[PDB]
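The chain below stands alone and is given in structure tokens; this is the form deposited in one PDB entry.
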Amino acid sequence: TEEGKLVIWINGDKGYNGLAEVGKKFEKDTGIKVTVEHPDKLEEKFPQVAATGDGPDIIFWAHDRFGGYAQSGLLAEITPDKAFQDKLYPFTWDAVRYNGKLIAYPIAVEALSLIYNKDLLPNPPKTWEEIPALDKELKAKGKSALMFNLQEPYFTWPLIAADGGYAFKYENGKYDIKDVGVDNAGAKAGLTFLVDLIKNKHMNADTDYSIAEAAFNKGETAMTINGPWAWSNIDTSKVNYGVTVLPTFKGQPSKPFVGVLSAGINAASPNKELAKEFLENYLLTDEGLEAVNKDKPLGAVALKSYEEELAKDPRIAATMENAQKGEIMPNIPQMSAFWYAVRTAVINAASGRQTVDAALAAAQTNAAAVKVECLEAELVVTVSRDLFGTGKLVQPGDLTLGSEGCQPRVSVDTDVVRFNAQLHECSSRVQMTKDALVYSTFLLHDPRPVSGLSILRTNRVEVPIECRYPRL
């Protein structure tokens, strides 16, 4: 990274052009150039380049990633005076605190809502259970009831959590990273409902963000599920849409994960002063947040003034109604593992490649004990040796990645076994989606032969190991 300027990363669905306007104001006033970029997979690339001392000066993402970044020494501690803290809501500062330190600036509060075409559907269904029958009606006139992104677990999690799914159990003031709530009866019920919607052809397992967005904004489907950033494009489509409560499932509300868009400062930036100035006195103002929101709505911004100004907007009100019914995302480093786990499970259940029960059990194991890192042509799998929480440590020789042709390098620590594998050699399965090439294999723990009687929790366990790379 180079000093005298600022490089900013932010996701491509956010208002990066408005942010660039803020940067242009900054530049004119101070002479310091600001370059805003939106690389794909930036939440995964940032730790890779920041660990070598490179990467952007500022990284934007929902707060849930930042704990990992902070645990890895990648984030500078931020030091706002008391007055600036008084300018933002306490909930948001809470979201960006890790081990008693502030590790990023809160920007805005995000939550999914149900977005619906008022002309096609004047009265949105209050329950998921209605949607199959409703779909029938709409299918009779060449339309669908619901389409939304099924490739990212962020969008399916509300249904999964409604009847009792959860990420990590919060207990005694801390999250128990071995107590994952993706494999309980409620999560299984929610995912079964989703997979049923697919099997009965009310939804297609391949639908992604762009497909669902195009369908809804063209008037081909009566509903979608999305956050404030999407509203802009809908406005341009001139569809007459409303933003409202997500449907219930078995009488309980959908529970979306509440995100807080946050901006962290790279620990290796030589421009930490400039970054603080830009964030506090340029972006986190009525003018800055106004520009960014005008591009792609931010939601309920953390700055009290502009949030009070925008609360009249009923869409913000529905976003916050849904947020209240949901849970704030943890920011612990294990969230990435959680997300990988659920992602894989959902896809594999939606395709029918795996049952719901098996997919969610494997996701429990993956979130609790496995970390997948996908590199150019190589894969790294890190397995917790305390695989079942018993405190009994697995031996490396009982762990196998892939089939016999897969011959990884295996390294052992006190607490983990790490597999460094060649993707071509270890891919059991390859396939293409619209947007990605997918390489897939499995991790197996099989201690047999073992002399003792196997009882209760089984010692044989198999989890999906998968990497997705953009098609270009």
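Start at 1 and count along the sequence shown; that's the residue number.
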Is it the case that at least a third of the other compared entries omit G53, given both of its neighbours are modelled there? no
What about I10, left without coordinates in a third or more of the other entries of this protein that model its neighbours? no
So which stretch wins on mean C-alpha B-factor, 415-423 or 33-41? 33-41
Got a sec? Mean C-alpha B-factor, which is higher, 125-133 or 343-351? 125-133
Would you mind checking which of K188, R385, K82, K178 has the top Cα temperature factor in the PDB entry? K82
Among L375, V96, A300, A263, where is the Cα temperature factor highest, going by the PDB entry? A300
Which third of the chain holds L453 when residues are ordered by C-alpha B factor: lowest, middle or highest? highest
Where does the C-alpha B-factor of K371 rank in its chain, lowest, middle or highest third? lowest
Name the third of the chain's ranked CA B-factors that contains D208, choosing lowest, middle or highest. lowest
Among the modelled residues of its chain, the C-alpha B-factor of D183 falls in the third labelled middle
Looking at the temperature factor on the CA atom of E27, which third of the chain's modelled residues does it land in? highest
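From this point on, the text means the form deposited in another entry, which you will not see here.
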Same rigid part for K296 and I78 between this form and the one not shown: yes
